[PDB]
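For reference, the chain that follows is the form solved without its partner chain, supplied as structure tokens.
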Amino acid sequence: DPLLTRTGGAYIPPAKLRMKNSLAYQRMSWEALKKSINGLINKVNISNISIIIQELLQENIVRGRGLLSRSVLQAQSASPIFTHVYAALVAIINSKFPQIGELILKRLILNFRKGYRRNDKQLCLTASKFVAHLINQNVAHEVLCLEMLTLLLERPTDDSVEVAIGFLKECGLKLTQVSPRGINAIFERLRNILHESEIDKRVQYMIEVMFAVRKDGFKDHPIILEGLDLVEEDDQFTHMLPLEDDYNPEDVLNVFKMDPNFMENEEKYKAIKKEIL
């Protein structure tokens, strides 16, 4: 905020604005790509995800993999109400470009850790919610959920328990299926907190809620909503990314830079596009 440089002036409508070359063209194409992605990410919802994917795939999302990752991550952070939809979108892209799903996951994990470190509850709540749904979508391995829950529950605070319980609600049904002993360990831990600890009303209530959810079999928290399970089981690529690893977010990929092999790299992508359509 006080660090980032300040660029003022009036917004100018595109219709109004329109009323060497290699660099100029790469920059222009870069700017159009960023805008196109931004629009698609704003548009995506359950009823239109397939068309959004098709329109997204027309763009060079390899060259713009950082741009796409950033747009999806910013969108989910501002609009966690659509987390399930962003997860499904990521799941489809990852099935075709696993390296892009991996880049999103790496940054999301780092985002969660930043939030935890800074005691930024909201960011912990939204980043964890995203993790849960990427797990639901088999984009990320459940070891990440288990490790985050253990971290949150080690020195339980009102905020740390809140994050953990909201998180377990979202990925719990999936957890139960792929790692019943793991989720059992989490519940035992919650049980020890509920009795073998000196807790306040807020913590006690959130835990009783979590046990209540498990008893009804997560009836209000299905793994994937009808309309979003769009990747065939065997076509998905499940990344095994632990919580603690020293991931490189590669945010430098978000910044425009002249590409000497721009020609080759461009023709390379269209060869990919024609493949998966």
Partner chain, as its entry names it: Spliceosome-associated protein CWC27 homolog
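Residue numbers count along the first chain shown, from 1.
The deposited sequence places no unmodelled residues between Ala10 and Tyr11, so the chain runs continuously there. For the pair 196-204 and 160-168, the mean Cα B-factor is higher in 196-204. Stretches 205-213 and 65-73 differ in mean C-alpha B factor, with the higher average recorded for 205-213.
Comparing the listed residues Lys34, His239, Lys219, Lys43, the entry records the largest Cα B-factor for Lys219. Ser95: CA B factor lies in the middle third for its chain, per the PDB record. Annotation for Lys114: C-alpha temperature factor in the middle third relative to the rest of the modelled chain, per the entry. Annotation for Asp120: CA B-factor lies in the middle third of the chain's modelled residues.
When the modelled residues of the chain are ordered by C-alpha B-factor, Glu102 sits in the middle third.
In this PDB entry, the Cα temperature factor of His141 sits in the bottom third of its chain's modelled residues, the lowest group.
In what follows, reference is made to the form deposited with its partner chain bound, a form of this protein that is not presented.
Among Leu105, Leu152, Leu173, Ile135, the residue placing a heavy atom within 4.5 Å of its partner chain in the deposited bound form is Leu152.
When contacts are judged by a 4.5 Å heavy atom cut-off, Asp229 does not count as touching its partner chain in the deposited bound form. Interface residue remark: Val163 is counted as part of the site for its partner chain in the deposited bound form, having a heavy atom within 4.5 Å. Interface membership of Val143, defined by any non-hydrogen atom within 4.5 Å of its partner chain in the deposited bound form, is confirmed.
In the deposited bound form, no heavy atom of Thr126 sits within 4.5 Å of its partner chain. Taking its partner chain as it sits in the deposited bound form, the stretch 181-213 comes within 4.5 angstroms of it through a non-hydrogen atom at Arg181, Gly182.
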